[PDB]
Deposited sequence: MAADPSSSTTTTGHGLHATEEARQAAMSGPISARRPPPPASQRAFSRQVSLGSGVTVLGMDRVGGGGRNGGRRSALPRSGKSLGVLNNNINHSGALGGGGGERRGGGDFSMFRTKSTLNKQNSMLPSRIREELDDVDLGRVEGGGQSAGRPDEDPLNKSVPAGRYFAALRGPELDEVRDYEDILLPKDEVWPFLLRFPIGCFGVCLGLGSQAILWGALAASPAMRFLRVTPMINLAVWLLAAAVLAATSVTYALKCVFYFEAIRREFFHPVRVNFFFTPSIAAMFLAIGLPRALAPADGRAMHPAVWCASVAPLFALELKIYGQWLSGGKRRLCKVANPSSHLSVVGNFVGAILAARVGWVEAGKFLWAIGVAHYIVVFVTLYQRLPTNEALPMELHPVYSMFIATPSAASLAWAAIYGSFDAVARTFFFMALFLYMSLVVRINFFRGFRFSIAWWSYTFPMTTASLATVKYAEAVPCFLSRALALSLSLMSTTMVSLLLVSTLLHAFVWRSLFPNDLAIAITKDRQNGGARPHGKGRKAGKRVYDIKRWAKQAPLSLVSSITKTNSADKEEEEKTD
């Protein structure tokens, strides 16, 4: 089949930015600050089922491509941009584990047995152990020659793994992942300021919002480090809507689907903050960012399921 050679690894962004929506809707349904919203816990279940189906689809499709044409993911893995998209097949699974619907989780049973944390973070941790080792000892694939805004996709995995580790109960593994995540977020942040794409340049917002969420999941509250990182993420989000006013052009692509993952985590951190600092301005900010990320995911969805059908119908 000649279709599989044209199947990209960036198609996992469609599932990343769609399973990160199940988490946001679960938060909006369970947060005791957005309780004026008469939101149902059924929306989270529907979005999560859609995300899991999409993940299974683009995972079996990619397993077929990897087992049939192995020279193709080798050309896709030795790229400066498309090597960081090999973390999304595991971040998209950690985002399904974190946002498991309450109606679907076993009642009066095991609270997310930690096997789902290991089985999902080990393939990310090994790839990260290789990439972070190449960032030093690499000759041609050193960080100073590869550093791009899509390099934040290697770091986000650590904070999402910390959230999942906090969920499963292993708090110390969460602290380990958060430490090795911030230690390299500092490096990437400083190395990207020395050295304009619309969708993928916005990964500057997904790493600090995730670092704020992971610290609030590990340690119970939003204790000034979650706040430091969240306010850094909010400034990076505010300084991004200003350059690209939102009128970049008629562009709706699979790469544009990784324009929703940073906005959704930045809308989730602010929901946690609005339930941590219950003002009116903070609640309105969380309600604005949430309805701004959700509507973009919705339009991308009704656009994709349109192009998909009007291909040859």
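Annotation: deposited residues 1-190, 386-394, 513-577 are not represented by C-alpha coordinates in the model.
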